[PDB]
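J.: Would you mind keeping the following structure in view while I ask a few things?
Every residue, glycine as well, gets a Cβ built from its backbone with ideal geometry; the counts of neighbours run over all protein chains shown. Each reported figure results from applying straightforward, stated rules to the coordinates on display, with no laboratory input.
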Amino acid sequence: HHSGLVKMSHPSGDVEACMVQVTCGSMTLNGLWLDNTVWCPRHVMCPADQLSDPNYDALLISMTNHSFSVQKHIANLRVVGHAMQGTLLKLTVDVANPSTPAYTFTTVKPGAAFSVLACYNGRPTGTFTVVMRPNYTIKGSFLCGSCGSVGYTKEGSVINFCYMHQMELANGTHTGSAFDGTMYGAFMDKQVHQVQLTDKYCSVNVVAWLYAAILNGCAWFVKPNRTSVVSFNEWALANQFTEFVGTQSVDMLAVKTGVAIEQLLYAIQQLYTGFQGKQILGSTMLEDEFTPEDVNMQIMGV
Amino acid sequence: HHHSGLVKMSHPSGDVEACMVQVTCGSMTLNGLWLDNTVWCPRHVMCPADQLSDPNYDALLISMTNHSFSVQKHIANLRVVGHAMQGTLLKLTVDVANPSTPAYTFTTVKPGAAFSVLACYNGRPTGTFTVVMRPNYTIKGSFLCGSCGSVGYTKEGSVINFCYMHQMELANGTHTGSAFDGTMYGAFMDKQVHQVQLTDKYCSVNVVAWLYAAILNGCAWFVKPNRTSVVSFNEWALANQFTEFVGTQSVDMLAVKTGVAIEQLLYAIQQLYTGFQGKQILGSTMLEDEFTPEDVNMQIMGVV
């Protein structure tokens, strides 16, 4: 009955050690302390007065190092330099973080899972995992004061920082910056209504989920009928799906269950219409929030 | 806010990551929890796979010395200087106090309560997730060979409350484990035999919490003036696979905020149980009982 799939996050300790509070005038949000740098969203510079069409150039010029105050709650640090990269501030502080993990910066693509460490006032408060949606939003849990919370993946013991929280959209979803300063989805870090694109289903994750179903023996939807890749991709452009792209991870799944991608691409075309009275893993709808990697690791332990 | 703002949220695991160690005895190897000068681990680490059903724990313990247990940290070796059994756990004494022990308590959790799990293998933490202790005293986890001794916990202020140490998987794929007083949740036995769990039920108080989250999101089509009292609901619950509803201060805060009374939602549950008749609540077509009142207060209302 129970598949052994849960929404699984990375242990957050390495990232907890890097969170600080950043304060500038009257805004206070979270920042990420790596080596001698503190990253935080540039809208810390902006009075609540004027959070639409903020003039970030003039705000920055307006600033000095004494403007910014960095506290470490979970020491206090002196800012001695400040620059702006896209929608992020790069603050230079006098002490290096002694607990900086090995890390890289990366940009996540639609379909990919990452962990988030939600923080308020520099204090870590919860962790959860999201999938970057095809419209470059995430379905998170963020309240006033959460900006600067960060999202990351792990390769080995290396942390790959991929997200810093910036805002909530009209429909309740969220977006943020990559650490190159760019906002996922081209969204503006200005407090104005903005058009979210239509969401789509993450095909490879649906495929990974059906493989999960088969590994748990629930395989009724498996018919010998097969559908090609480039055709399925034809069908998906009109039916709110994304391109399918195999990966070694998907391939491992095909091989332990001896059910080929293409049987499942066929199954999805049938299942998009309805489960037709049946359940798959206790759901009546397709599930696109589990990756091939999630399923390999949780069910088979790679 | 077509997105609810509700996700499966765990506590930050850093505090607990620094207490995980690997414990080995003969060739069975699993995880333990290092707090000050004590290391807690499941007692079936003492057991050889051959003898893993019908094992003689009182005797295995006798056959051990302090050198029989090797304890190692990765996230050094530790010297065990005493050993003892406490229900289904071992309490080992080591000669170094964990320099990163958090403030902690040992509190057994009740059905409906949520806790965070730090899944670990060979003493290395690999993932974290949250679960609800089900009414049949199982949890719906993700655990594989090697995960035993993985721990579940809550946080209250500075204080971690350790509430679970993982022991086993059941026939239906769910899991159970010990509280740190040594008892097993659900009376299950640390023997490798097929054991059948009792029937599961809906956690009434959590379904209420979740219907308050719906109202807070503007989804209130299911709210009517009609009401069912807690007594009447609890009578109906016994017959319809629901737990007894017990109110708390956390539920009450949701009722104050929304203006919708607990008893209106108990009535709604009686109606919604038989089907949503084509509607959805927060994108679901069935009742959701995995979110607690505390969950909803914190995630939607920023309340602790």
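J.: 5 Å is the cut-off here: which amide hydrogens, built 1.01 Å from N in the peptide plane, fall below it relative to residue A:81, excluding neighbours closer than 5 in sequence?
T.: When sequence neighbours closer than 5 places are left aside, the close amide H contacts are A:92.
J.: Based on the Cα coordinates of the range B:118-224, what is the per residue volume of their convex hull in Å³?
T.: 152 Å³
J.: Order of A:7, B:224 from fewest to most other C-beta atoms within 10 Å?
T.: Neighbour counts put them in this order, fewest first: B:224, A:7.
J.: Using the structure shown, select from A:90/B:8; B:224/B:257; A:90/A:139 the pairs with a Cα to Cα distance greater than 22 angstrom. Write out the running numbers ahead of the final one.
T.: Details: A:90/B:8 31 Å; B:224/B:257 17 Å; A:90/A:139 27 Å.
Cα-Cα > 22 Å for A:90/B:8; A:90/A:139; rest within.
J.: Cα gyration tensor of the range B:1-72, axes a ≥ b ≥ c as square roots of the eigenvalues: rounded (a/c below 1.5), prolate (a/b > b/c) or oblate?
T.: prolate
J.: In addition: Please list, ordered by chain and number, the residues whose modelled amide H lies under 5 Å from the amide H of residue A:111; skip anything fewer than 5 residues away on the same chain.
T.: Sorted by chain and number, the residues that satisfy this are A:132.
J.: For the protein assembly as shown, what size does the Cα cloud have along each of its three principal axes, sorted from largest down, in whole Å?
T.: The Cα atoms of the protein assembly as shown stretch 76, 60, 56 Å along their principal axes.
J.: Another question about this same structure. Tally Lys/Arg at +1 and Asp/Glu at -1 over every other residue whose Cβ is under 12 Å from the Cβ of residue A:88; what's the total?
T.: Combined, the nearby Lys, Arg, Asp and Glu give 0.
J.: Suppose every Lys and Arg Cβ carries +1 and every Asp and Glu Cβ carries -1, with no other charges. What dipole size does the range B:6-145 come out with about its Cα centre, to the nearest 20 debye?
T.: On the way: 9 positive and 7 negative charges, 79 e Å.
It works out to roughly 380 debye.
J.: Further question on the same structure: How much net charge surrounds residue A:116 when only other residues with a Cβ under 12 Å from its Cβ are counted (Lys, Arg +1; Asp, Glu -1)?
T.: With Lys, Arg at +1 and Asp, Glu at -1, the net is +3.
J.: Under a straight-distance cross-link criterion of Cα-Cα below 16 Å, which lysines are reachable from residue B:201, leaving out those fewer than 8 residues away in the same chain?
T.: Partners found: B:110, B:140.
J.: Next up: Per DSSP H run of n ≥ 4, the term is -39500 (n - 2.57); total these for chain B, divide by its residue number, and report the mean residue ellipticity at 222 nm rounded to 500 deg cm²/dmol.
T.: About -6000 deg cm²/dmol.
J.: What's the local net charge at residue A:3, with K and R +1, D and E -1, over the other residues with C-beta under 14 Å away?
T.: Summing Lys/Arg as +1 and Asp/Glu as -1 gives -2.
J.: Next question. Based on other C-beta atoms within 10 Å, arrange B:148, A:46 from fewest to most.
T.: A:46, B:148
J.: Provide the per-residue ³J(HN,Hα) series for the range A:90-99, in order, calculated from phi with Karplus coefficients 6.51, -1.76, 1.60 and θ = phi - 60°, each as a whole number of Hz, with x at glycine and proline positions.
T.: Here the 3J(HN,Hα) series is 10, 9, 9, 10, 7, 9, 7, 5, x, 10 Hz.
J.: Another question, if that's okay. From the mean inverse distance of alpha carbon pairs (Kirkwood) and the Cα radius of gyration, derive Rg over Rh for the range A:250-302.
T.: A ratio of 0.99.
J.: Say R0 is 45 Å: what FRET efficiency, to the nearest 0.05, do residue B:61 and residue B:158 get from their beta-carbon distance? It would help to have the intermediate numbers written out before the result.
T.: On the way: r = 35 Å, r/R0 = 0.77.
Once rounded, the FRET efficiency stands at 0.85.
J.: Could you tell me which of A:275, A:67, A:210 has its Cα farthest along the dipole of the protein assembly as shown towards the positive end, charges placed at Cβ (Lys, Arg +1; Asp, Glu -1), taken about the Cα centre?
T.: About the Cα centre, the residue reaching furthest to the positive side is A:275.
J.: Follow-up question, since we're still on this one. Residue by residue through the range A:118-123, what is 3J(HN,Hα) from phi via Karplus (6.51 cos²θ - 1.76 cosθ + 1.60, θ = phi - 60°)? Round to whole Hz and write x for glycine and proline.
T.: Each residue's phi maps through the Karplus curve to give 6, 10, 10, 6, x, 9 Hz.
J.: Could you put A:127, A:23, B:130 in order, starting from the residue whose Cβ has the fewest other Cβ atoms within 10 Å? Mind showing how you got there, number by number?
T.: On the way: A:127 30, A:23 19, B:130 27.
By the 10 Å Cβ count, ascending, the order reads A:23, B:130, A:127.
J.: Between rounded, prolate and oblate, where does the range A:53-197 land on the alpha carbon gyration tensor, with a ≥ b ≥ c its root eigenvalues, rounded for a/c under 1.5, else prolate if a/b exceeds b/c?
T.: Judged from the Cα gyration tensor, the range A:53-197 comes out oblate (a/c at least 1.5, b/c at or above a/b).
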